[PDB]
Structures are given as C-alpha cells and as structure tokens.
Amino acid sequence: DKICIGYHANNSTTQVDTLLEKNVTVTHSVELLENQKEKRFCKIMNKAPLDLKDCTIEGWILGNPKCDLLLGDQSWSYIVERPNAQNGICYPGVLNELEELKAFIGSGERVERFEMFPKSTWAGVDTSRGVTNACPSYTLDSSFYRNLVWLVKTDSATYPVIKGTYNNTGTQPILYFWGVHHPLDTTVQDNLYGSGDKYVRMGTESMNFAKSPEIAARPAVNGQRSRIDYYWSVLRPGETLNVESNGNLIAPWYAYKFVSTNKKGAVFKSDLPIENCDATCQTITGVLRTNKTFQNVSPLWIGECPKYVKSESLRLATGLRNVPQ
C-alpha cells in the first residue's frame, strides 16, 4: 500500500524561454504578442475611410480639376493616400506650411465645401479667363483649381483695387486657400495685371498677410516658367477675413467648414485595398483582430491597438515544466 506525490504532464511541445534556460517545454502557456494582420483597410467606429485614389492631399483640398470625384463634402475615420498619386499641384509653385497643413487636415473628421467669395465679389476685373494647360480637367486642356479663381484685368483697362470680406458667423473653423502669381517676365505681368507695383494683402483679427509678386524665369514645370505661391489659413468662428489686392491675386473662391476630430486622426500612405469590413484596430499595414497585449505589425495605427514591440514572440509560462514519461 502506497501514496505518491506528483505533477501534471501532457502532450504539449510548446516552449518558453527563461533567464536561466532556453527552449523549456511547458504544460500550459499563453502568447501575448500578435503577429497576424488582415492586409486591407476597414471601417473604424463603423465609419469609412477617405480614399484619395489618384489625387494627393494638395490636389484634393485645392480642387485640382482632376480630383472632382472627391470634390465637396467628405467625412472620414482616416485618410488613405496612394503612393504614386499624380493629381496634386498642377500649376507649379509651393504650398506654404505644407507639413503643418497635412497635420491639421489629419486632425479632422469632416469637411463641408461652400462658396466663400462668389466671383461677383471682385469688381472691375475678369474672373472668367483664369485657366491654364498646366491644370487640365478630364474634358478640357485648360482649367484651374475649383476652390481658387485666377483674376486677370479686363479688356484693356487697369487692374483696380478689388476687395472682399467674409464674416465667420458659424460654429466651425474655416479652412481656406489663396495664392500670389509670379510671372516669368515684366511683359506677362503687364499683360495680365497692368503696370504699377502690385500687392496681395489679407487680414483677420489674429492674422495679417502681405506679399508682392517676384518676377523671374524659373525652370519649366508643366510648361510654365511662372510660379504661384499657394497659401492656407484657418478662419476661426467669429473672425472675419478682409482681402485687398490690385493684381497678382489667386482668390479664395470655395472653402471648407472643418470639423476637428476629438480622437487621433491618421493619414495612411498605402496601396492596400479598402474593403467592406469593420475593425477596432487599423494599422497602416493592415487590420488586427486580437485580444492580445502586444503586436509587432506596426507602430502606425488608428483605433484601439495593442502595444507595438519588436519581438517575434512573448510567450508567458502558466503551467509547469513538461516532463512526460
């Protein structure tokens, strides 16, 4: 007659590492790291992302005539920008504070497009001849940004002082754009805006802007040796904007009522497909469906994700050393 004391053994071949010992087979364990993803973009909080497709952020928000599919109101849980998108700034020139603009847009959730300055705002000038073959649409060789208007002096007169005002009486901040044209020579200048020293001046309660054309021939881009300095700002609720120019003004026309996300906001640069699915965790390289604590898929995500870590495995022993006999 006898009684023995002993411990569990099983068919497990799963191993863990310890400080003293590698590859120890244990009866029970738990993996804390997720290495699996669904290679696609899904909805977050049942809200679809915004696919830019063949437009860049600049082309979308400026109103590049080839980004008309996107034109108007948009809501999004995040933004997918495609790596080799072609439709951005068509008429050569720099978008000022571009990186700050992208960060701002990324912090958003919804834009409502609206006419801020009807062309009737600008008195004694031409608002119908501001096109270029630098900016074609899909139907004409010569168009221009939907949200801007290229102002040219009329028939043969001078370019007079034009003025504009918008009072933000709404509850939302307004994202808007404008430009200054820089002709390649003094003839083009004279032919478009006439003679004299020209300026573009803008001001709000908290912002004021002043620029003058800088005439010189730059290398040709999209057939143009001239340039445009694009600009952007945010007109706060309760603020009013004053515009004043006597030439070289690319005027704001349409603008955006901007809803800022309370959350995080993401801009994913990816060529991954957007499918019809829901998710709680969306990384730039795919969706995670886990209850796990760690993941080695990506540090870039939107939603509620596990902690990013470089490890291949974080296997925690729970059972004891497996010693079957």
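When you see a residue number, it is the position in the sequence shown, counting from 1.
Higher average CA B factor: 214 to 222, of the stretches 173 to 181 and 214 to 222. In this entry, 271 to 279 has the higher mean Cα B-factor, the comparison being between 295 to 303 and 271 to 279. Each of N147, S233, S120, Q74 has a CA temperature factor in the record; the biggest one is found at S120.
Highest CA B-factor among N96, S128, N168, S107, as stated in the entry: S128. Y78: CA B factor lies in the lowest third for its chain, per the PDB record. Ranked by C-alpha B-factor against the other modelled residues of its chain, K264 falls in the highest third. Among the modelled residues of the chain, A103 sits in the lowest third by CA temperature factor in this PDB entry.
When the modelled residues of the chain are ordered by their C-alpha B factor, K163 lands in the highest third. Among the modelled residues of its chain, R227 has a C-alpha B-factor that falls in the middle third according to the deposited record.
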